[PDB]
Amino acid sequence: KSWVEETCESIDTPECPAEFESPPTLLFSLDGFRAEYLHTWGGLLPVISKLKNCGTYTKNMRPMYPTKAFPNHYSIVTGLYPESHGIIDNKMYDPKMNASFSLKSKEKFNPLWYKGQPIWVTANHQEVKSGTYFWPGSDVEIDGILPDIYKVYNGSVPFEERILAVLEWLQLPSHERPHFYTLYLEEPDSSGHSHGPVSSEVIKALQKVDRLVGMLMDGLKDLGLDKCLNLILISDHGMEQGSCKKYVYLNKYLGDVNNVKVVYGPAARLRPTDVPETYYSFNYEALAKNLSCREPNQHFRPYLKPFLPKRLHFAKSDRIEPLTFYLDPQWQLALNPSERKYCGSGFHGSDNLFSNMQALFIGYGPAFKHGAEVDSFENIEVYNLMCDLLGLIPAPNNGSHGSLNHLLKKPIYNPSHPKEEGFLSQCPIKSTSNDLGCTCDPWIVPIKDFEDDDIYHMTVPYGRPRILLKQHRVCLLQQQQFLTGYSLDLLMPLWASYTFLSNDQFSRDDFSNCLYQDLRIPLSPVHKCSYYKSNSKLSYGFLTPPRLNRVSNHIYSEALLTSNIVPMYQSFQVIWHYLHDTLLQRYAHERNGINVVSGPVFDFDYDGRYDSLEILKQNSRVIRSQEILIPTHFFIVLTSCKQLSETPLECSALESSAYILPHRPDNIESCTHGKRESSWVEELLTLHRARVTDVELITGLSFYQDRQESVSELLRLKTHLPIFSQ
Ligand SMILES: *[C@@H]1O[C@H](CO)[C@@H](O[C@@H]2O[C@H](CO)[C@@H](O[C@H]3O[C@H](CO)[C@@H](O)[C@H](O)[C@@H]3O)[C@H](O)[C@H]2NC(C)=O)[C@H](O)[C@H]1NC(C)=O
Ligand SMILES: Nc1ncnc2c1ncn2[C@@H]1O[C@H](COP(=O)(O)O)[C@@H](O)[C@H]1O
Ligand SMILES: *[C@@H]1O[C@H](CO)[C@@H](O)[C@H](O)[C@H]1NC(C)=O
Ligand SMILES: *[C@@H]1O[C@H](CO)[C@@H](O)[C@H](O)[C@H]1NC(C)=O
Ligand SMILES: *[C@@H]1O[C@H](CO)[C@@H](O)[C@H](O)[C@H]1NC(C)=O
Ligand SMILES: [Ca+2]
Ligand SMILES: [Cl-]
Ligand SMILES: [Cl-]
Ligand SMILES: [Cl-]
Ligand SMILES: [Cl-]
Ligand SMILES: [Cl-]
Ligand SMILES: [Cl-]
Ligand SMILES: [Zn+2]
Ligand SMILES: [Zn+2]
């Protein structure tokens, strides 16, 4: 009988022919197989359903942005964001090479496009052979290496021939046989484009690839390998239905210009035509502002690339144009109707948290659990996983090694929390006080005389954030209601942590132009009220909100300490004040309290990681005759319990939400004219949600280290991001 007809049985030990010391791994891509195809038509796909039911499955594998074939396939086999592995789209221009990349051109085989270390190169360096029957990058010499058996891409090769060849490769003698294999099919991507994702044609394509996977499995069974092979069935992205009525043309606002080139689609990019001469001198900001807030409920938004949501990690490469566009679901953008393909086809490329962009993942074999359904994870985590299946040490990458251990019968790698590399000190009281220039109102209660586990636990119930910032000088400042990690190198707080219960009340009093000098920290001129007084360029904001006073009735005066302020634009205060005066109270009511950590972010070189000291010094600004460092973003992490009966101080299990809010000196991003503040501030927050791990990378902080969950369980928590359901 066939493999699909056999009953599902646990493979607790690999059942291998004597000529196999261990099971191979096969990575099998079904291009453009959106996660929902299996949600809805699983009854029509018996083979893929058995792999899912007898294996390890997630309803949604999150792809990378932009959700295109080449960036995502290459992310899968490198563990890297496209901005790091260099393949940021199927078509690219590189201003330093002055070259264009495309899939149907000679440049596809130019090794200079492909960065990082794909898994077959990792394997080569560690004496493991590879056999690839198509995979982006696998027919290109990368690090002077090619797969041991590889095929130049040719989409005309019949699907059956591809599967048959891998089955012959598996019969080679040990000294020639690969241990890692790839297979790739162009369906159901092709039918999804030509006829739309919801069509009888896509269904026929799904049935066709399901039959083909069964041909593979039956071949493995014939070879005695169907219980000696770790199968990863995967896709690169999902599929959306495009419309000629949902297509933006920039010539509507710019006129019929030809001095710019637009990469059309849902993740459009813009550069001048006169390159490389004007690639950097072109006035991108003027163009972006001419395209901002032009329509009510505008379905596209221009972004200079450092200002895109950090969760997309789409800016560091010089192949990413300085101007990009963010598109609503189902919408696309081109310069004009002549600079695009057909406007009514299936398409992809959109935000990688859109539901219809989500991808397929099934793991089947000795190493994978049987009948396990796990929460969503990003495809950059798969490289580490394949390294564990193959016995390989991973190259440095963006996956969190160990975060997928719950997919495995017997985890290979036991992860550890990162060490604290900061220099921690106690900050003593200095008895010298200076005039800050403040004009505190009469109802503000002064701190007349300046000169603890329970208080400590209340403020940091999961352990204090750890300082990963190498050799950075930090002292902890304890208050009754919050804890501060204070930077002695920057003279501003790196984080503040406090807990906010459902019944806690906020104060109504004003506290304008009022601060109290923290005698435990060195006094800076940019600590004083007089620095920010009538300062049109810059104001200051608080990390812990002074209106929150759990025990007393007035403004919480300890939150007015100079150790609790950060430089803050007036425009961003609209967001920050609404967040802390309105949203936080509702979230505490919805979540039975929330614990909060917030702080500044400095990522001036837009690489998603904290800046070195030399980078900070280069980006200092003189404002009112003083050097000042203005954060690029502000982060906030909200934690509460899975069970609503528990307060954030007694959680059996954690519920985490994180955000990395851009710190812009206007609110043009939100097109605020005619909108309720309730709507647009919360909409901005949702768009700029992030993984906890994203916050960790960009601040050099590590969270939750005193929790009793295993490190791998905490990595799952910290790598999660909610999908926007359509
Ligand atoms: C995703 O993982 C990537 C791999 O670890 C990581 O990229 C690495 O980033 C570092 C720092 O930018 C680079 O290291 C060196 O870079 C230059 C020389 O090119 C030096 O001046 C630096 O001091 C440093 O020694 C690595 O070259 C780079 N590796 C790769 C493959 O790109 C990304 O930073 C990670 N992304 C995020 C958001 O965490
Ligand atoms: N290794 C490859 N080299 C070149 N083109 C490829 C390769 N793999 C897939 N393709 C093509 O990429 C296109 C699909 O891209 P996408 O629509 O972004 O999913 C189709 O034209 C495929 O034939
Ligand atoms: C860039 O390359 C193109 C070839 O595609 C060539 O026409 C142009 O002269 C080059 N520009 C420079 C500055 O070398
Ligand atoms: C692509 O594959 C088909 C196999 O059916 C073959 O006819 C064609 O010649 C191949 N193209 C190249 C360039 O090898
Ligand atoms: C629109 O573009 C022009 C450049 O042609 C620029 O001078 C102008 O400042 C832009 N408008 C806005 C509102 O930024
Ligand atoms: Ca940085
Ligand atoms: Cl690059
Ligand atoms: Cl391009
Ligand atoms: Cl629009
Ligand atoms: Cl597309
Ligand atoms: Cl195994
Ligand atoms: Cl715990
Ligand atoms: Zn694809
Ligand atoms: Zn496609």
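Side chains are part of it too, since the values below use all heavy atoms of this structure and drop only hydrogens, waters and symmetry mates. Note that ligands are numbered from 1 as they come in the structure, with each ligand's atoms numbered from 1 the same way. One is the number of the first residue; the rest follow in order along the sequence.
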Which pairs pass salt bridge (charged side-chain N to carboxylate O under 4.0 Å, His left out) with one or both residues in residues 327-337, sequence neighbours excluded?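 Every pair satisfying salt bridge (charged side-chain N to carboxylate O under 4.0 Å, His left out) with a residue in residues 327-337: there are none.
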Exercise. Can you list every pair that meets salt bridge (charged side-chain N to carboxylate O under 4.0 Å, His left out) and has a residue in residues 258-274, with sequence neighbours left out?
Worked result: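 Residue pairs passing salt bridge (charged side-chain N to carboxylate O under 4.0 Å, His left out), neighbours aside: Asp89-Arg269, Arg269-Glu321, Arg271-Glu321.
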Does the ring center of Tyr184 lie less than 6.0 Å from the ring center of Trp135?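 Centroid distance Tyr184-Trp135: not below 6.0 Å, so no.
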### Query
Taking the six-membered ring where the residue is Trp, are the ring centres of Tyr247 and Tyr249 under 6.0 Å apart?
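They qualify: ring centres under 6.0 Å apart.
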Open item on the list: Strictly under 2.8 Å of the Zn ion (ligand 14): which protein N/O/S atoms qualify?
Closed with: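 For the Zn ion (ligand 14), the protein N, O and S atoms that sit under 2.8 Å away are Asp189 OD1, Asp189 OD2, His193 NE2, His348 NE2.
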Quiz item: What pairs with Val711 under side-chain contact (heavy atoms from CB on, under 4.5 Å), at least two apart in sequence or on another chain?
Solution: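 For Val711, the residues satisfying side-chain contact (heavy atoms from CB on, under 4.5 Å) (neighbours in sequence not counted) are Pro415, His417, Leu715.
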Would you call the rings of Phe325 and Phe300 parallel, tilted or perpendicular, taking 30° and 60° as the class edges?
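Tilted, since the angle between the ring planes falls between 30° and 60°.
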